[PDB]
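There is one chain below, alone, in C-alpha cells, taken in the form solved without the partner chain.
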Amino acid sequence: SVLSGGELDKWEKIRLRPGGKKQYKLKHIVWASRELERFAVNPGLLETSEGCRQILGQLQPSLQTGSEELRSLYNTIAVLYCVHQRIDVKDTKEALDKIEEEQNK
C-alpha cells in the first residue's frame, strides 16, 4: 500500500496550497500513481521515503520548464516524501521548503 493508516490521516490534513481550502486525498495518490506510469516511472517507488526521493531526483531537472501537470505531480510526491519521512508539514509549500532545507544542509 502507498500509505499506512497513520499516514493517510496526516495526508488528509495537508493543504494543496498555503492556507488553502483544498487538502490532499486518496485520489491524489491514485492520480500520482497513474501519472508515474505515464512518465515511465515505477509507481511502487511511492511506497517509501527513499523511493519518493528517487522519483523527485528523476523529475526535478524538468521542473523548471515543467507543465502544470508535471509541477502538480512533483508537489504531490514531495508531500508524500515528507509524510513517509515523518516531517511535519502544513501544506505543499512547507513540504518543498523542508526538502530543500535538508539537502541544502
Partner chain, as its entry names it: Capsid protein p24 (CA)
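Residue numbers count along the first chain shown, from 1. Residues that one form lacks are left out of the comparison. We call the rigid core the largest set of C-alpha positions that still match within 1.5 Å between the two forms.
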14 to 22 set against 77 to 85, stretch whose average Cα temperature factor tops the other in the entry: 14 to 22
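A second form of this protein, the form solved in complex with the partner chain, is not displayed here; the remarks below concern that form.
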Does the partner chain get within 4.5 angstroms of any non-hydrogen atom of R38 in the entry with it bound? yes
Can you check whether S67 is within 4.5 Å of the partner chain in the entry with it bound, heavy atom basis? no
Does any part of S49 reach within 4.5 Å of the partner chain in the entry with it bound? Heavy atoms only, please. no
Hey, in the entry with it bound, does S72 get a heavy atom within 4.5 angstroms of the partner chain? no
Heavy atom of each of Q54, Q58 and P61 within 4.5 Å of the partner chain in the entry with it bound: yes
Classify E50 as shifted (yes) or not shifted (no) between the shown form and the other one, where shifted means its C-alpha moves by 2 Å or more with the rigid core superposed. no
Threshold 2 Å Cα movement between the shown form and the other one for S67, core superposed: yes
Distance flag for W31 and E69 (Cα, change 3 Å or more) in the entry with it bound: the two residues are farther
Between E68 and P61, do the C-alpha atoms lie closer or farther in the entry with it bound than in the shown form, with a difference of 3 angstroms or more? closer
Mind listing the moving segments between the shown form and the other one, meaning three or more residues in a row, each Cα shifted 2 angstroms or more, core aligned? 64 to 69
